[PDB]
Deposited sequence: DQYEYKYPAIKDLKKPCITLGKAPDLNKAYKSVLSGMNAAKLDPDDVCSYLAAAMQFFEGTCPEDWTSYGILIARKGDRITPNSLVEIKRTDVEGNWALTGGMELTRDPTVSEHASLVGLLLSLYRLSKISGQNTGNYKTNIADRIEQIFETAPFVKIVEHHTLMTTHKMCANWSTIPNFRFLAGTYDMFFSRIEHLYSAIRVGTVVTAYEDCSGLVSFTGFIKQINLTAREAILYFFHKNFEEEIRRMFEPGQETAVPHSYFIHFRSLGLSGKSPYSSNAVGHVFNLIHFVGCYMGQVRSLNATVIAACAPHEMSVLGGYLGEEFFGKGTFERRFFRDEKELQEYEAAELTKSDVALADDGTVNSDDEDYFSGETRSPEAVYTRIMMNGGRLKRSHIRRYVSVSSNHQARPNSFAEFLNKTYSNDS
C-alpha cells in the first residue's frame, strides 16, 4: 500500500557498481564463471552494465516518463539511456575459474549471447524440474544466429542451481528490468534476450493485473465492471489502483518496471494491497473452474469468507443491480446451489496449501 512509484524530481533510476572493466577481460572472466558455476554477482552486474553499449538502436517515437526524457524520435540509444549507472574507483575481481578456450577477443555476437544467458538466471531464479524445460529452450535461443554458441548444453541449469536466489539481488534485478524496458520499446536484433527478463514486467502488481484481466474476461467496460464491486471495502482499493500521476496508461513508462528498477519497495498494486479485490476475482475464477484461480494464494486478512459469497453471486451471473438484489434478498448468504458448485470444483482439484481451492474445501465441504 505505502509507496507509489512516480518519480517526483526528474532523476533517472540509479544504481552504483564498481569500476568499468575492459570488456574482453570481463567477458572472459564471466564466461569462465558461467562454466564453473562459480559466478560473482558484483562482477556480473558490472559486466552487464558495461555491455549495454553493444545494444544500440533507433528510438521510433519520443520517449518520456515521469517528466524524464529518455530519447526523442530518431535518437540512437542503448539501455544505458534509461538509467544512471554510477561507478566507483574499486576494480572488480575478474577471476578466471572454469574453462577458457578463447585466447582471442570476443565478438559483439558472443557478448550478446553471454548477456542473454546471464539475464536468464533472473527468470530461472524467479521460479520457486520445469526449470530444465525453460533452460533448454533458453540455451537453444542463444546458440541460434544472431547469437553464437559459447557454452555447452546443461551449463545454464548447473549454474542456476548455484544462483537460485539472484532474482532478489537488487542490482541484478535492476539490470534485468532496464534490459526488458529497452527491448520492449526498441525492436532489436538481440530482442530475444527478453526470454530472461520479461518476468520483470508488472512485478508486484498482481492485484492490478488480476483486475484488468478480470475486466477483459467478463467482457465489459471498466466503468460497467466497477459497478459489480459493491462491497464497501472495494472503494479504497479501487481508489488506490487509480491514483493519478502514476502512468498506468502510458505506453513504455517506467511504471511497467517500477519494482525491478527500485522506484518503490512497497507496491500499492500487489495482491496484498488490494486483497479484497484480488480475493473476489479469484473466487469468481474458482466458481468458473479456472486452475489459475484455484492455485492462487488467498489474502487471509481481506475477508475471504465474505469475498467468497459475493464471488458465488458474481460467478452465477457470468445487470449489477440484479446481483445486489439477490444477495440482499438472501440475507448475504450463499445458496445451496452456489455451495454445490464451489465444492464440485474445489473437491476435484489438487488443492495447494493456502490456495483458494483449499479455503473452499475447508470452508464449504
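Chemist: Do you know which deposited regions have no coordinates at all?
Modeler: The deposited sequence has unmodelled segments at 1 to 3, 132 to 136, 327 to 377, 425 to 427.
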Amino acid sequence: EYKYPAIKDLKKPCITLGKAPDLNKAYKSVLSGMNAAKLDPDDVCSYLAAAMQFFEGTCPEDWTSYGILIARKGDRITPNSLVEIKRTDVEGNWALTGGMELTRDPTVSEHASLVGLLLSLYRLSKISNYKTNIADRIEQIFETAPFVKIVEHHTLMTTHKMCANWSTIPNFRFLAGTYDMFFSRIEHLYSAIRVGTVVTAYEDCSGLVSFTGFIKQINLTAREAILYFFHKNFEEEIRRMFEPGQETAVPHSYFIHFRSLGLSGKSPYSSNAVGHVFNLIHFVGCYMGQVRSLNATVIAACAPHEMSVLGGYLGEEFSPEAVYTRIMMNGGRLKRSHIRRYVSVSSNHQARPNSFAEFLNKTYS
From here on, numbers count along this sequence of modelled residues.
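Chemist: Which has higher Cα B-factors on average according to the PDB entry: 28 to 36 or 331 to 339?
Modeler: So the stretch with the higher mean C-alpha B-factor is 331 to 339.
Chemist: Where do the C-alpha atoms have the higher mean temperature factor in this entry, in 117 to 125 or in 286 to 294?
Modeler: Taking the mean C-alpha B-factor of 117 to 125 and of 286 to 294, the larger value falls to 286 to 294.
Chemist: Sorting 180, 136, 203, 110 by Cα temperature factor from the record, which one lands on top?
Modeler: Top of the list by C-alpha B-factor: 136.
Chemist: Could you check 277, 218, 192, 199 and tell me which one carries the biggest Cα B-factor in the deposited entry?
Modeler: Within the set 277, 218, 192, 199, 218 shows the top C-alpha B-factor.
Chemist: Is the Cα B-factor recorded for residue 357 in the lowest, middle or highest third of its chain?
Modeler: It belongs to the lowest third of the chain when residues are ordered by C-alpha B-factor.
Chemist: For residue 323, does the deposited CA B-factor place it in the lowest, middle or highest third of the chain?
Modeler: For residue 323, the deposited C-alpha B-factor lands in the highest third.
Chemist: Which third of the chain does residue 233 land in by C-alpha B-factor: lowest, middle or highest?
Modeler: Residue 233: CA B-factor falls in the highest third of its chain.
Chemist: Looking at the entry's B-factor column for C-alpha atoms only, identify whether residue 92 ranks in the lowest, middle or highest third of its chain.
Modeler: Middle third of the chain for residue 92's C-alpha B-factor.
Chemist: Comparing residue 106 with the other modelled residues of its chain, is its CA B-factor in the lowest, middle or highest third?
Modeler: Lowest third - that is where residue 106 ends up once the chain's C-alpha B-factors are sorted.
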